[PDB]
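Residue numbers (the deposited numbering): 136 to 180, 200 to 370, 379 to 398, 401 to 418, 431 to 597, 599 to 623, 631 to 646, 650 to 688.
(1) Does the segment 269-286 come close enough to the segment 294-307 to have 3 or more Cβ pairs within less than 8 Å?
(2) Can you tell me the Cα-Cα spacing of residue 145 and residue 353, whole angstroms?
(3) Determine contact between the segment 465-479 and the segment 226-239, defined as no fewer than three beta-carbon pairs at a distance below 8 Å.
(4) If you draw a straight line from the alpha carbon of residue 650 to that of residue 576, how long is it in whole angstroms?
(5) Decide yes or no for the touch test of the segment 452-466 against the segment 487-504: beta carbon pairs closer than 8 Å, at least 3 of them.
(6) Below 8 Å, can you find three or more Cβ-Cβ pairs linking the segment 506-514 to the segment 243-259?
(7) CA-CA distance, residue 313 and residue 271?
(8) Under a three-way DSSP split, which group does residue 338 fall into?
(9) In chain order, what residues of the same chain have a beta carbon less than 8 Å from the beta carbon of residue 444, not counting five sequence neighbours either side?
(10) Restricting to Cα atoms, I'd like to know which of 618, 642, 381 and 339 is closest to residue 413.
(11) Identify every residue that forms a DSSP beta bridge with residue 453.
(12) State the start and end residues of the unbroken beta strand (DSSP E) segment that holds residue 386.
(13) Going by CA-CA distance only, name the one from 620, 660 and 659 that's closest to residue 644.
(14) When DSSP builds the beta bridges, which residues end up paired with residue 554?
(15) Near residue 657, which residues of its chain fall below 7 Å by C-beta distance, leaving aside the five closest residues on each side in sequence?
(16) In chain order, what residues of the same chain lie with their CB nearer than 8 Å to the CB of residue 298, ignoring the 5 residues before and after it?
(17) Verify whether the separation of the beta carbon atoms of residue 610 and residue 568 is less than 7 Å.
(18) In whole angstroms, give me the CA-to-CA distance for residue 553 and residue 559.
(19) When you compare only the Cα positions, how much space is there between residue 149 and residue 329?
(20) How far does the alpha helix (DSSP H) with residue 327 in it reach, from first residue to last?
(21) Near residue 238, what residues of its chain come up, given a Cβ to Cβ distance below 8 Å and the 5 sequence neighbours on each side ignored?
(22) For residue 581, which residues from the same chain have a beta carbon less than 8 Å from its beta carbon, with the 5 sequence-adjacent residues on both sides left out?
(23) If we cut at 7 Å on Cβ distances, does residue 362 have a partner in chain B?
(24) Rounded to whole angstroms, what is the Cα-Cα separation between residue 632 and residue 551?
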């Protein structure tokens, strides 16, 4: 969809696109009225020269002040493009990295930037057309001579920046085998990143070679390996980009999941006779040694994005900021909505808000520190909040995926609150995650006292049957049955029978 700030932008842009049509014209007309003058003077080589000149001077004056104003105009819109609607995208990328509401399609921005740069480049060819007359007809008091060096300088500035800013990291660095784990890369593993130049110029095609490096205190300095450089070209929406598939890492030899490193891409550009200094970098990355540090890092990733939107601040954990539950809550939800077709209801999100902050009402302004989140172990438990939860995710994703599809999983529910269930017909059941087991456990629940069996870990799930079998042989020496009706009142057959062989 289009915001109304975007209206103003695609607007601003066509108004400039329009002034370059007018200047386009003015230039043509004045060039002619100056050729008549040249001819009349090379023909008399008496008055319609003394005047023709008083006139040409008034053209120059107008044309030149027309350009000054046109530039003042491009200065404006570029700032609304770059500093506003681009920063906007960059932050929306940040957030879509950690499973947030996506849509970071560089198209709208590419046309706006492409359009603006196309203008600026015609405007440079206008100012050049001026120094053409600064040469065919000049005189003392020549407006051109004392304004064209000026304008040239000015417009070149504008492009130089627009150009630089148009250089981004389209798709952040990420191992193809850990798609959901971007910005966290294991040394020795091969990944794929990708840059894009939002000044889609067909002339530039194939003309740009990008060179990605890596770091250039006390931290571990690494070094990328393989096809270290790539040439930028228009292959796939014919946009200027270079993808670096098959890149590996290693460590320059001779904490860790809290250590950030930046990757830099670079290439110079020479066009219409100019040297441009192009270079962009990726969102801070945590490099790991073993796939065990996978979570503890992905944690840092999330914590960084969720908070600061600063792209260059590796020493983020030099003093990690705080983070009201609200934000955290949302972020957590995403992980589910990202992979699955569901996140966390404010219900499961509460028995979980407390599962962290403990007892209390309304967990909103409730500040959570980095430590708290995962740097610290749960009250009784022998592990941390995050650590525990990461498998609860991987569990849902890998095992019991389409199984969690239609809810079916209360997942998070205070063992206590799990009592008011002391309502339905004896036999109805839940589906929770063991709060005690670090490697993820999916159990179940049934004065008709209540009873939740021993959780079942991943190795076991090697479940639509544990819910169709489990007899719990009885005391009346009768291998009883698996308590029916999912929480609602759904007899475990229309809910469970489908996925059954």
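From the three backbone atoms N, C-alpha and C, an ideal C-beta is built for every residue, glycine too.
This is what the structure gives:
(1) Yes, the segment 269-286 is in contact with the segment 294-307.
(2) 16 Å
(3) The segment 465-479 vs the segment 226-239: no contact.
(4) 7 Å
(5) Taking one beta carbon from each stretch, the segment 452-466 and the segment 487-504 have 3 or more pairs nearer than 8 Å; the two touch.
(6) yes
(7) Computed Cα separation, rounded: 7 Å.
(8) Of the three classes helix, strand and coil, the one that applies to residue 338 here is strand, per DSSP.
(9) If the five residues before and after residue 444 are omitted, its C-beta is found closer than 8 Å to the C-beta atoms of 451, 452, 453 and 454, all from its own chain and listed in chain order.
(10) 339
(11) 444
(12) 384-387
(13) 620
(14) Residue 554 pairs with nothing; no bridge assigned.
(15) Result list for residue 657: 669, in chain order.
(16) 214, 218, 284, 285, 287, 288 and 292
(17) Yes.
(18) 5 Å
(19) 42 Å
(20) Note, residue 327: premise wrong, no alpha helix (DSSP H); beta strand (DSSP E) at 321-328.
(21) Excluding five sequence positions before and after residue 238, the CB atoms of its chain that fall closer than 8 Å to its own CB belong to 140, given in chain order.
(22) 516, 517 and 518
(23) The structure shown contains no chain B; it is built from a single protein chain.
(24) 41 Å
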